[PDB]
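For reference, upload.cif is printed below; it contains mmCIF, C-alpha atoms; chains and numbers go by the auth columns.
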data_final
loop_
_atom_site.group_PDB
_atom_site.id
_atom_site.type_symbol
_atom_site.label_atom_id
_atom_site.label_comp_id
_atom_site.label_asym_id
_atom_site.label_seq_id
_atom_site.Cartn_x
_atom_site.Cartn_y
_atom_site.Cartn_z
_atom_site.B_iso_or_equiv
_atom_site.auth_seq_id
_atom_site.auth_asym_id
ATOM 1 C CA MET A 1 -31.380 -4.175 -56.635 0.00 159 F
ATOM 2 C CA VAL A 2 -30.914 -0.914 -54.789 0.00 160 F
ATOM 3 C CA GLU A 3 -33.906 -1.850 -52.564 0.00 161 F
ATOM 4 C CA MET A 4 -32.300 -5.215 -51.635 0.00 162 F
ATOM 5 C CA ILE A 5 -28.954 -3.702 -50.616 0.00 163 F
ATOM 6 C CA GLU A 6 -30.794 -1.187 -48.476 0.00 164 F
ATOM 7 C CA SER A 7 -32.689 -3.959 -46.784 0.00 165 F
ATOM 8 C CA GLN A 8 -29.310 -5.719 -46.006 0.00 166 F
ATOM 9 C CA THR A 9 -27.871 -2.496 -44.678 0.00 167 F
ATOM 10 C CA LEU A 10 -30.880 -2.103 -42.396 0.00 168 F
ATOM 11 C CA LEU A 11 -30.440 -5.668 -40.969 0.00 169 F
ATOM 12 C CA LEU A 12 -26.725 -5.241 -40.280 0.00 170 F
ATOM 13 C CA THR A 13 -27.121 -1.856 -38.753 0.00 171 F
ATOM 14 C CA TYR A 14 -29.903 -3.076 -36.492 0.00 172 F
ATOM 15 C CA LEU A 15 -27.785 -6.027 -35.325 0.00 173 F
ATOM 16 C CA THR A 16 -24.864 -3.784 -34.722 0.00 174 F
ATOM 17 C CA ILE A 17 -26.708 -1.224 -32.524 0.00 175 F
ATOM 18 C CA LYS A 18 -28.456 -3.990 -30.612 0.00 176 F
ATOM 19 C CA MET A 19 -25.104 -5.756 -29.848 0.00 177 F
ATOM 20 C CA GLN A 20 -23.217 -2.605 -28.890 0.00 178 F
ATOM 21 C CA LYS A 21 -25.858 -1.534 -26.320 0.00 179 F
ATOM 22 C CA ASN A 22 -25.883 -4.994 -24.629 0.00 180 F
ATOM 23 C CA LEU A 23 -22.044 -5.255 -24.703 0.00 181 F
ATOM 24 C CA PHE A 24 -21.545 -1.890 -22.940 0.00 182 F
ATOM 25 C CA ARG A 25 -23.840 -3.077 -20.103 0.00 183 F
ATOM 26 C CA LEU A 26 -21.722 -6.232 -19.601 0.00 184 F
ATOM 27 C CA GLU A 27 -18.430 -4.339 -19.661 0.00 185 F
ATOM 28 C CA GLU A 28 -19.661 -1.987 -16.948 0.00 186 F
ATOM 29 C CA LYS A 29 -20.907 -4.877 -14.765 0.00 187 F
ATOM 30 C CA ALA A 30 -17.644 -6.725 -15.266 0.00 188 F
ATOM 31 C CA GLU A 31 -15.371 -3.836 -14.319 0.00 189 F
ATOM 32 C CA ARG A 32 -17.423 -3.218 -11.190 0.00 190 F
ATOM 33 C CA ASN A 33 -17.067 -6.857 -10.193 0.00 191 F
ATOM 34 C CA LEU A 34 -13.281 -6.761 -10.719 0.00 192 F
ATOM 35 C CA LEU A 35 -12.838 -3.643 -8.631 0.00 193 F
ATOM 36 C CA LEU A 36 -14.823 -5.156 -5.764 0.00 194 F
ATOM 37 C CA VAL A 37 -12.688 -8.244 -5.726 0.00 195 F
ATOM 38 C CA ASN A 38 -9.523 -6.250 -6.077 0.00 196 F
ATOM 39 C CA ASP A 39 -10.388 -4.217 -3.037 0.00 197 F
ATOM 40 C CA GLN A 40 -10.784 -7.415 -0.999 0.00 198 F
ATOM 41 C CA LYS A 41 -7.360 -8.481 -2.116 0.00 199 F
ATOM 42 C CA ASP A 42 -5.879 -5.214 -1.018 0.00 200 F
ATOM 43 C CA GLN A 43 -7.287 -5.449 2.552 0.00 201 F
ATOM 44 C CA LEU A 44 -5.973 -8.956 3.013 0.00 202 F
ATOM 45 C CA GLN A 45 -2.563 -7.929 1.769 0.00 203 F
ATOM 46 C CA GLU A 46 -2.285 -5.090 4.288 0.00 204 F
ATOM 47 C CA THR A 47 -3.294 -7.312 7.202 0.00 205 F
ATOM 48 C CA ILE A 48 -0.724 -9.966 6.274 0.00 206 F
ATOM 49 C CA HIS A 49 2.004 -7.405 6.064 0.00 207 F
ATOM 50 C CA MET A 50 1.294 -5.962 9.490 0.00 208 F
ATOM 51 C CA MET A 51 1.285 -9.412 11.076 0.00 209 F
ATOM 52 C CA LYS A 52 4.609 -10.250 9.417 0.00 210 F
ATOM 53 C CA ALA B 1 3.679 -3.968 -0.978 0.00 57 N
ATOM 54 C CA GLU B 2 7.133 -2.925 -1.995 0.00 58 N
ATOM 55 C CA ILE B 3 7.137 0.061 0.369 0.00 59 N
ATOM 56 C CA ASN B 4 6.071 -2.130 3.233 0.00 60 N
ATOM 57 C CA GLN B 5 8.992 -4.518 2.701 0.00 61 N
ATOM 58 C CA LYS B 6 11.559 -1.829 2.597 0.00 62 N
ATOM 59 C CA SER B 7 10.106 -0.099 5.546 0.00 63 N
ATOM 60 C CA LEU B 8 10.531 -3.253 7.598 0.00 64 N
ATOM 61 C CA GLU B 9 14.059 -3.637 6.513 0.00 65 N
ATOM 62 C CA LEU B 10 14.807 -0.125 7.590 0.00 66 N
ATOM 63 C CA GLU B 11 13.242 -0.655 10.962 0.00 67 N
ATOM 64 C CA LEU B 12 15.288 -3.751 11.523 0.00 68 N
ATOM 65 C CA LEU B 13 18.510 -2.105 10.638 0.00 69 N
ATOM 66 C CA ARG B 14 17.868 0.751 12.896 0.00 70 N
ATOM 67 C CA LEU B 15 17.292 -1.524 15.835 0.00 71 N
ATOM 68 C CA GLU B 16 20.539 -3.323 15.182 0.00 72 N
ATOM 69 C CA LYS B 17 22.578 -0.120 15.080 0.00 73 N
ATOM 70 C CA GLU B 18 21.245 1.228 18.241 0.00 74 N
ATOM 71 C CA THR B 19 22.247 -1.908 20.246 0.00 75 N
ATOM 72 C CA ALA B 20 25.568 -2.780 18.536 0.00 76 N
ATOM 73 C CA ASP B 21 27.919 -1.609 21.415 0.00 77 N
ATOM 74 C CA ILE B 22 26.542 -4.243 23.674 0.00 78 N
ATOM 75 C CA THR B 23 25.563 -6.853 21.399 0.00 79 N
ATOM 76 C CA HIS B 24 27.768 -7.087 18.327 0.00 80 N
ATOM 77 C CA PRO B 25 30.714 -9.498 18.440 0.00 81 N
ATOM 78 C CA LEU B 26 33.151 -6.886 17.341 0.00 82 N
ATOM 79 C CA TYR B 27 32.693 -4.575 20.201 0.00 83 N
ATOM 80 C CA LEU B 28 32.411 -7.351 22.666 0.00 84 N
ATOM 81 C CA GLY B 29 35.664 -8.787 21.492 0.00 85 N
ATOM 82 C CA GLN B 30 37.560 -5.610 22.245 0.00 86 N
ATOM 83 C CA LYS B 31 36.367 -5.557 25.767 0.00 87 N
ATOM 84 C CA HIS B 32 37.572 -9.091 26.261 0.00 88 N
ATOM 85 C CA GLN B 33 41.021 -8.316 25.260 0.00 89 N
ATOM 86 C CA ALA B 34 41.386 -5.412 27.614 0.00 90 N
ATOM 87 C CA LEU B 35 40.187 -7.577 30.446 0.00 91 N
ATOM 88 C CA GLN B 36 42.651 -10.407 29.697 0.00 92 N
ATOM 89 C CA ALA B 37 45.637 -8.092 29.792 0.00 93 N
ATOM 90 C CA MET B 38 44.842 -6.888 33.208 0.00 94 N
ATOM 91 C CA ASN B 39 44.322 -10.394 34.481 0.00 95 N
ATOM 92 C CA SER B 40 47.628 -11.517 33.445 0.00 96 N
ATOM 93 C CA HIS B 41 49.260 -8.468 35.055 0.00 97 N
ATOM 94 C CA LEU B 42 47.541 -9.141 38.368 0.00 98 N
ATOM 95 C CA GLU B 43 48.557 -12.697 38.332 0.00 99 N
ATOM 96 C CA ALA B 44 52.120 -11.620 38.089 0.00 100 N
ATOM 97 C CA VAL B 45 51.875 -9.195 40.891 0.00 101 N
ATOM 98 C CA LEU B 46 50.445 -11.878 43.148 0.00 102 N
ATOM 99 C CA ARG B 47 53.085 -14.338 42.159 0.00 103 N
ATOM 100 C CA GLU B 48 55.948 -11.788 43.301 0.00 104 N
ATOM 101 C CA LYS B 49 54.280 -10.662 46.560 0.00 105 N
ATOM 102 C CA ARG B 50 57.137 -11.561 48.772 0.00 106 N
ATOM 103 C CA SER B 51 59.834 -9.693 46.773 0.00 107 N
ATOM 104 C CA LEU B 52 57.614 -6.741 46.356 0.00 108 N
ATOM 105 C CA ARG B 53 56.967 -6.652 50.053 0.00 109 N
ATOM 106 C CA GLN B 54 60.643 -6.784 50.871 0.00 110 N
ATOM 107 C CA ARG B 55 61.322 -3.919 48.491 0.00 111 N
#

Target encoding structure tokens, full file:
Amino acid sequence: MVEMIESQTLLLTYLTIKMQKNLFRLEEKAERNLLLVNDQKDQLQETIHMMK
Amino acid sequence: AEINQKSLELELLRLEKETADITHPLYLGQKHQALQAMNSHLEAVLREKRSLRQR
């Protein structure tokens, strides 16, 4: 019984570490994409204001 | 964006203040009145030219 629980713990832990590593990579790519688009928004806003 | 809006407003108000003496209805109205008083006076003087000449 102790050997079975340990095997379960190993599976869960493996899944967890694998997911966390791949999630951090997505979050970083996402934030970068948002900042790039936000910067484009900011340039357009400044040009519109000057024209007005 | 908010700074830009307020900055424009300020610029507009400043332009209006600087040109008010020649452009605002209030100041222009006062000048009209002074001119009408003198007109009337001159009309009167011209109407009594003979009497004034005799005097």

Quiz item: Counting all atoms listed in the file, which residues of chain N come no farther than 9 Å from chain F, as number ranges by chain?
Solution: N: 57, 60-61

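Across the model, the gap from CA of residue 198 in chain F to CA of residue 180 in chain F is 28.1 Å.
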
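For the pair CA of residue 191 in chain F and CA of residue 174 in chain F, the interatomic distance is 25.9 Å.
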
Filled-in N, CA, C and O atoms of range 65-87 of chain N, supplied as an mmCIF file, in the frame of the given file:
data_model
loop_
_atom_site.group_PDB
_atom_site.id
_atom_site.type_symbol
_atom_site.label_atom_id
_atom_site.label_comp_id
_atom_site.auth_asym_id
_atom_site.auth_seq_id
_atom_site.Cartn_x
_atom_site.Cartn_y
_atom_site.Cartn_z
ATOM 1 N N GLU N 65 12.604 -3.514 6.554
ATOM 2 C CA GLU N 65 14.059 -3.637 6.513
ATOM 3 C C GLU N 65 14.734 -2.456 7.204
ATOM 4 O O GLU N 65 15.707 -2.634 7.940
ATOM 5 N N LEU N 66 14.289 -1.345 6.981
ATOM 6 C CA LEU N 66 14.807 -0.125 7.590
ATOM 7 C C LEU N 66 14.634 -0.157 9.104
ATOM 8 O O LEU N 66 15.568 0.156 9.848
ATOM 9 N N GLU N 67 13.520 -0.588 9.530
ATOM 10 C CA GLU N 67 13.242 -0.655 10.962
ATOM 11 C C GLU N 67 14.160 -1.658 11.654
ATOM 12 O O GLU N 67 14.677 -1.387 12.741
ATOM 13 N N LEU N 68 14.427 -2.721 10.954
ATOM 14 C CA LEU N 68 15.288 -3.751 11.523
ATOM 15 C C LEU N 68 16.730 -3.260 11.620
ATOM 16 O O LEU N 68 17.395 -3.474 12.636
ATOM 17 N N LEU N 69 17.144 -2.616 10.667
ATOM 18 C CA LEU N 69 18.510 -2.105 10.638
ATOM 19 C C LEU N 69 18.701 -1.007 11.679
ATOM 20 O O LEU N 69 19.757 -0.921 12.311
ATOM 21 N N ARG N 70 17.812 -0.299 11.886
ATOM 22 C CA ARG N 70 17.868 0.751 12.896
ATOM 23 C C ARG N 70 17.950 0.159 14.299
ATOM 24 O O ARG N 70 18.713 0.642 15.139
ATOM 25 N N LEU N 71 17.248 -0.867 14.536
ATOM 26 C CA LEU N 71 17.292 -1.524 15.835
ATOM 27 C C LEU N 71 18.663 -2.141 16.088
ATOM 28 O O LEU N 71 19.207 -2.029 17.188
ATOM 29 N N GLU N 72 19.222 -2.702 15.072
ATOM 30 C CA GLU N 72 20.539 -3.323 15.182
ATOM 31 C C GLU N 72 21.619 -2.278 15.444
ATOM 32 O O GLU N 72 22.526 -2.503 16.248
ATOM 33 N N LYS N 73 21.606 -1.200 14.924
ATOM 34 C CA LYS N 73 22.578 -0.120 15.080
ATOM 35 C C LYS N 73 22.507 0.486 16.478
ATOM 36 O O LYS N 73 23.538 0.751 17.099
ATOM 37 N N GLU N 74 21.446 0.599 16.940
ATOM 38 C CA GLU N 74 21.245 1.228 18.241
ATOM 39 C C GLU N 74 21.756 0.337 19.371
ATOM 40 O O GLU N 74 22.294 0.832 20.363
ATOM 41 N N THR N 75 21.872 -0.984 19.182
ATOM 42 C CA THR N 75 22.247 -1.908 20.246
ATOM 43 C C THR N 75 23.572 -2.593 19.925
ATOM 44 O O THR N 75 23.986 -3.515 20.631
ATOM 45 N N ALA N 76 24.358 -2.108 19.005
ATOM 46 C CA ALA N 76 25.568 -2.780 18.536
ATOM 47 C C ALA N 76 26.648 -2.781 19.615
ATOM 48 O O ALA N 76 27.381 -3.761 19.767
ATOM 49 N N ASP N 77 26.873 -1.778 20.411
ATOM 50 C CA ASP N 77 27.919 -1.609 21.415
ATOM 51 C C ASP N 77 27.831 -2.690 22.489
ATOM 52 O O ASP N 77 28.852 -3.124 23.025
ATOM 53 N N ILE N 78 26.706 -3.278 22.592
ATOM 54 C CA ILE N 78 26.542 -4.243 23.674
ATOM 55 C C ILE N 78 26.129 -5.596 23.100
ATOM 56 O O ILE N 78 26.007 -6.578 23.836
ATOM 57 N N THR N 79 26.086 -5.592 21.918
ATOM 58 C CA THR N 79 25.563 -6.853 21.399
ATOM 59 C C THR N 79 26.442 -7.379 20.268
ATOM 60 O O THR N 79 26.634 -8.588 20.135
ATOM 61 N N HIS N 80 27.007 -6.627 19.485
ATOM 62 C CA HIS N 80 27.768 -7.087 18.327
ATOM 63 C C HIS N 80 29.097 -7.704 18.753
ATOM 64 O O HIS N 80 29.777 -7.177 19.636
ATOM 65 N N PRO N 81 29.492 -8.762 18.112
ATOM 66 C CA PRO N 81 30.714 -9.498 18.440
ATOM 67 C C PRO N 81 31.970 -8.634 18.337
ATOM 68 O O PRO N 81 32.916 -8.821 19.107
ATOM 69 N N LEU N 82 31.979 -7.731 17.536
ATOM 70 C CA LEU N 82 33.151 -6.886 17.341
ATOM 71 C C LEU N 82 33.425 -6.042 18.579
ATOM 72 O O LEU N 82 34.549 -6.023 19.089
ATOM 73 N N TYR N 83 32.530 -5.436 19.036
ATOM 74 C CA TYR N 83 32.693 -4.575 20.201
ATOM 75 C C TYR N 83 32.875 -5.400 21.469
ATOM 76 O O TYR N 83 33.704 -5.067 22.321
ATOM 77 N N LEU N 84 32.253 -6.480 21.508
ATOM 78 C CA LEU N 84 32.411 -7.351 22.666
ATOM 79 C C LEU N 84 33.800 -7.983 22.685
ATOM 80 O O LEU N 84 34.386 -8.171 23.754
ATOM 81 N N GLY N 85 34.314 -8.259 21.612
ATOM 82 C CA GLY N 85 35.664 -8.787 21.492
ATOM 83 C C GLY N 85 36.725 -7.831 22.005
ATOM 84 O O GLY N 85 37.679 -8.251 22.664
ATOM 85 N N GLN N 86 36.639 -6.638 21.774
ATOM 86 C CA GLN N 86 37.560 -5.610 22.245
ATOM 87 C C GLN N 86 37.523 -5.493 23.766
ATOM 88 O O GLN N 86 38.567 -5.370 24.409
ATOM 89 N N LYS N 87 36.524 -5.586 24.317
ATOM 90 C CA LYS N 87 36.367 -5.557 25.767
ATOM 91 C C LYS N 87 36.994 -6.787 26.414
ATOM 92 O O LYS N 87 37.678 -6.679 27.434
#
